[PDB]
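Numbering (the entry's author numbering), first residue to last: 19 to 212. Positions of the beta carbon are idealized from the N, C-alpha and C atoms, including for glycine.
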Ligand SMILES: [Ca+2]
């Protein structure tokens with residue numbers, strides 16, 4: 019009745035692995051709740067106003083990984099570096115994709131995995147210092163984490179919107195809100211709720 023795309027997603031870098039493990043299933047459940055809290059809300063100008071802002075945030079992160087990937091993939095050409103490294107422990111995650119927005123978040127994690135792969139060889143080829151590597155890894159790890167947090171924050175603003183419109187009980191039976199086990203993600207969601 020409803021399409022669900024199931025896919026095995028291998029992740030090499032420890033940064034992309036950690037982002038995936040602490041944010042994905044929460045974000046996957048968050049975009050699911052948003053999609054149903056919206057049809058319970060019903061008003062289409064608001065439904066197009068949340069997705070356009072949902073898919074903008076997903077787009078801005080996607081845009082900035084593309085530009086980071088571009089500049090660093092030609093630092094390797096400037097230094098004649100062809101190859102990427104092996105990874106001592108890549109992992110494979112079985113993920114299901116219920117909406118296109120889940121696909122784009124899962125595709126963001128892949129582009130982060132690639133970006134870490136680029137940074138890792140530029141670090142290994144002595145083009146980037148140890149600090150430049152950890153600032154890339156930390157800030158890019160953090161960048162998707164707050165993106166996760168803000169999706170969830172957007173989801174919590176939709177729930178309060180449903181409350182004011184009387185539909186509190188209707189979404190407590192269609193989509194109960196899940197706990198956010200990551201404190202960084204929960205903090206960014208509560209800022210995005212104000
Ligand atoms: Ca844009």
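Counting the other Cβ atoms within 10 Å of the Cβ of residue 146 gives 16 or more, which makes it buried. Comparing alpha carbon positions, the residue from 117, 38, 22 and 150 closest to residue 129 is 38. Distances from the CB of residue 85 to the heavy atoms of ligand 1 are all 7 Å or more. Closest option to residue 47, judged by alpha-carbon separation, among 144, 115, 74 and 20: 115.
DSSP places residue 47 within a helical segment (H, G or I) once states are collapsed to three. Residue 148 and residue 134 have their C-alpha atoms spaced approximately 13 Å apart. Here residue 24 is exposed, its C-beta having fewer than 16 other C-beta atoms within 10 Å. Taking the Cα positions, residue 96 is about 29 Å away from residue 35.
Counting along the chain, residue 112 sits inside no alpha helix (DSSP H); it lies in the beta strand (DSSP E) bounded by residues 109-115. Closest by C-alpha distance to residue 125, out of 61, 174, 162 and 67, is 162.
The stretch 183-199 makes contact with the stretch 47-63: 3 or more CB pairs, one atom from each, lie closer than 8 Å. For residue 167 against residue 202, the beta-carbon gap comes to about 7 Å, under 8 Å, which counts as contact.
By the rule of a C-beta closer than 7 Å to any heavy atom of ligand 1, the residues picked out are 74, 77, 78 and 81.
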